[PDB]
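This report concerns only the one structure given below.
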Amino acid sequence: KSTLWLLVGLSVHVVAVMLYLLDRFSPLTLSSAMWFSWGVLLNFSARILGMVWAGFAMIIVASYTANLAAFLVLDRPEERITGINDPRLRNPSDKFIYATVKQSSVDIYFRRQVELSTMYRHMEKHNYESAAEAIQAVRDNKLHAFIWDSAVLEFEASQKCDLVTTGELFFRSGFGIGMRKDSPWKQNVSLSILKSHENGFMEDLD
Amino acid sequence: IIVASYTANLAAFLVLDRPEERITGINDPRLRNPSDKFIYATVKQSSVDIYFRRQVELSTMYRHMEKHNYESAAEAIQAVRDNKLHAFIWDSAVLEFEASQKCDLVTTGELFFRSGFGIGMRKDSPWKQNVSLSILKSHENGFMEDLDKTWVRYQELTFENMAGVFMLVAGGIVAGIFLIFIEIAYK
Amino acid sequence: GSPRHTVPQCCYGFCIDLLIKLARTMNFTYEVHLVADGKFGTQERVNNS
Amino acid sequence: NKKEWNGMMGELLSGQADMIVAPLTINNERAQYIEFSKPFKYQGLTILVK
Amino acid sequence: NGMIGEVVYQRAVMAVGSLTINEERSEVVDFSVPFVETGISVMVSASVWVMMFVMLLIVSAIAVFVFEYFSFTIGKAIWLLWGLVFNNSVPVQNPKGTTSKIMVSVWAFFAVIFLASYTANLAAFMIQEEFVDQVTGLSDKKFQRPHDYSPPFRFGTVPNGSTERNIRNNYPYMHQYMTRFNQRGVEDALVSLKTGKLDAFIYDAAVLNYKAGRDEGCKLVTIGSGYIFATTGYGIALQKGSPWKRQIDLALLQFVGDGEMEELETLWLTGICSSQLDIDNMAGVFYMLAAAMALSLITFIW
Amino acid sequence: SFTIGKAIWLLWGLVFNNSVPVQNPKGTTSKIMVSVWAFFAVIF
Amino acid sequence: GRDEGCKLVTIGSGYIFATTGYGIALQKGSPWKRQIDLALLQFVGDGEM
Amino acid sequence: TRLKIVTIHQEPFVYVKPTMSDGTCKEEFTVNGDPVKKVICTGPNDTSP
Ligand SMILES: *[C@@H]1O[C@H](CO)[C@@H](O[C@@H]2O[C@H](CO)[C@@H](O)[C@H](O)[C@H]2NC(C)=O)[C@H](O)[C@H]1NC(C)=O
Ligand SMILES: *[C@@H]1O[C@H](CO)[C@@H](O)[C@H](O)[C@H]1NC(C)=O
Ligand SMILES: *[C@@H]1O[C@H](CO)[C@@H](O)[C@H](O)[C@H]1NC(C)=O
Ligand SMILES: *[C@@H]1O[C@H](CO)[C@@H](O)[C@H](O)[C@H]1NC(C)=O
Ligand SMILES: *[C@@H]1O[C@H](CO)[C@@H](O)[C@H](O)[C@H]1NC(C)=O
Ligand SMILES: *[C@@H]1O[C@H](CO)[C@@H](O)[C@H](O)[C@H]1NC(C)=O
């Protein structure tokens, strides 16, 4: 992550000429009356038609303010996904390119989920090796979505502001240290992890 | 820039924001834990009461709507007209016809439990097959559209805040008449 | 890409300093190296047997 | 300590009535005891406010 | 033929799959209780000016009073008044009276709050998204003859269907005009509506709702919600005299009467689905200025 | 008679639609520039 | 989430906070530990949690 | 041949009107000139309270 104004301009170029003809038909001066009409539409029955046209000029500039407010306030470009509940990803297409790291936990996590088999069949033609490959592919707009953890994507959003995450946060998981089987380095190493949790060393690493 | 900010915050005040009088259906969390500000119930001894009694996630509203069970729906109409209620649970087309009757009676957006009205019948009886065939014969022709033409299809300014300002403008004109007569007496 | 190129380079950052804090806590020496491929690991059938 | 019915079903099952021609909400429990016909009207539930 | 040929001739037990219900199908077998509302459908592609006039006359009367106290702005104060409502800065007149300056200042404060409220009114009109329709019923005058209107359009159903039998028992002339306008496939009719090989299509309701909920762009829009339509339901067809019918009916009433059917409908449906346009307002602009020049041509007789 | 650089008081004075009399423009270049600047002020 | 009108507002989303978790307290050396842990891992990794 | 028919007083569906002179109805029309064919029903004024 115009033409109607030209029609109004041709209309008022007819209106100012026919109002000058009306003023001539009703008993230096030509250009002065034209300039007076220019001052009428923009910042004695001809004066009455001119003030009616000034009412039209106010309603035209009010409609211009109204449709620019339509043009920028209420409308929003559909560039968001809003998480897993997107019908774009439930029913993918050729322009919906989403993938993950090849042979990752996402593959097993969507292989167990049998209702997520559509993404399992879609991403298998698009799985890449590293996340830097995903960054390079989405920078050249070869990708469109990427299922990944929050911290790396927020750090790359801090690096590259065009990289924007979505709103939903699903599958709240935890990252630890890969450990072996029954061994005396399981207990007090985990106690050291908990000691890192209790103090502000996590805040220091932040 | 003062009057532009005033136009901006009046457009903030009467266009974007809205007092949320709507409920957005049964999934309102403020009605999951109601209070005296949210008075809502249903008809006493109805199928909707048993339907909410079986569902265990609708028990708390079942603990609330039991407080003010009404006999007839016209009692509920008179109660919600006289501000004795805040919401009512009922089927669709009857409330649509009553909205055609009374314009203040406005339904909500959501729609759930698509059920059906038929004819209450006995056990194994000779009035089972022929009656259902007659009902289906009424379905297949344009008689249902005629029944809709009888009752279902047959239905029945900018002065919000500156109206008082306009009245004070008129009163200021009336007082300014006497002020200008005092200015005439001044010179 | 690489026929034979496995070199010692410099590594740092978040989990590196976390492990340095762990080595400050628990008394042990280390040997920091990297994984050969670029995969986490899946229970996949080997092509034989 | 016996469960019974009342209203239109109470007048029907007692023999005082023979055919309830009424727009009744057809549901599970009332069809467990007596047979119902096919419905003519089809509509859901909604909330009336002011 | 088909599932009716398999169930009635005792080669199949029951029709668990979806099936339209009409007269002769209810004659040959016994349907169960309904579970979904599936009808049929057709898919296609005065007080402001009065009080402002009254206050205009009041302002003009006060200007007449100021002129009677103290150069030709008796009736020409209206030309300063309504002309400077719109803030186009036309050079009109320089009043000397303090009364006129205070009155025009109060009127200008009212004009500022009036234009702010009118921009708010335009924003409130800009909130809504209007809905337009072409055909508003099964008894349309378009459906009488496509030669009656300037585009000769086209309409289709699925072949060999019970909807065709319902049309032939309701409107045989509609079947006569459909005989020139036949087609083959549901997705074929979908592609014909998207590319432009078909104008309108006649089918059931909820299946087209599912097809529109998954369609890219949401261009094909339904008409109504089953109001000028058949408004029937789907059930399960069993053989006549089956002992399992009451238990299947109770199972369907349990599956509907718990909210689980709504969860299944949520699982198998999708609940999804500008620029400047003032051509009616501009047409009103041109009509009012034509009326204004007509009134000026009336007043030109003196 | 004084429009050397005083037209700024007509330039930035007539941005804001104030209906206050300032100066009588005489140059055609000035009036065309005030019209373009007035459309610019409305869209601004 | 149940506040009447969303009057009381939280601070952050767990950034300068403790950021811990909840568990099931068992006795030391209990044989039921691994089964409960695998059951929790099944209950989280299927969308049921 | 005679079928007992009972119903509840539904507000848009069951309209109840008192008799005009003696056990009779008022034959009125709709907006399309259709006369509403009424029926002679028997019922209480209100409920037991
Ligand atoms: C910290 O880790 C070490 C190594 O696993 C262990 O510490 C020993 O604990 C025993 C009691 O079980 C003491 O008698 C020893 O003195 C400790 N250290 C030595 C020298 O072996 C144990 O796992 C953890 N101990 C603490 C302090 O939590
Ligand atoms: C009821 O239906 C059957 C089958 O169509 C028909 O033979 C019979 O005459 C009908 N009449 C009765 C018994 O009500
Ligand atoms: C590493 O790999 C790349 C790509 O195969 C190769 O071009 C490069 O020469 C290699 N560099 C080193 C230092 O081995
Ligand atoms: C280092 O190891 C020795 C082994 O005797 C142990 O006594 C000591 O406590 C350890 N120090 C740290 C930092 O754990
Ligand atoms: C066995 O074949 C599969 C096919 O996908 C491949 O992924 C895997 O790497 C192969 N195993 C080995 C040992 O190469
Ligand atoms: C419709 O039925 C006819 C036989 O009556 C058959 O020939 C035709 O193929 C069917 N329509 C289809 C499936 O295109």
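Just so you know, the numbers here start at 1 and follow the chain as drawn.
Backbone N, Cα and C atoms are what each Cβ position is placed from, and that goes for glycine too.
Positions annotated as N-linked glycosylation site by Swiss-Prot, on the basis of sequence analysis: A:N91 (among others). Sequence-distant neighbours of A:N91 (N-linked glycosylation site) (same chain, 6+ apart, CB under 8 A from its CB) are A:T118.
Mapped onto three states, the DSSP output places A:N188 (N-linked glycosylation site) in helix. Taken from Swiss-Prot, the feature N-linked glycosylation site applies to A:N188 (among others), supported by a large-scale study or a structure entry.
Annotated transmembrane segment per Swiss-Prot: A:2-22 (among others), in sequence order, evidence recorded as experimental evidence.
The annotation transmembrane segment is assigned in Swiss-Prot to A:48-64 (among others) on the grounds of experimental evidence. Listed by sequence, the residues of this chain that lie at least six past the ends of the transmembrane segment (A:48-64) yet keep a Cβ under 8 A from its Cβ atoms are 8, 12, 15, 19, 22, 37, 40-42.
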A:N91 (N-linked glycosylation site) - helix vs strand vs coil (DSSP): coil
Other CB atoms within 10 A, centred on A:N188 (N-linked glycosylation site): 13
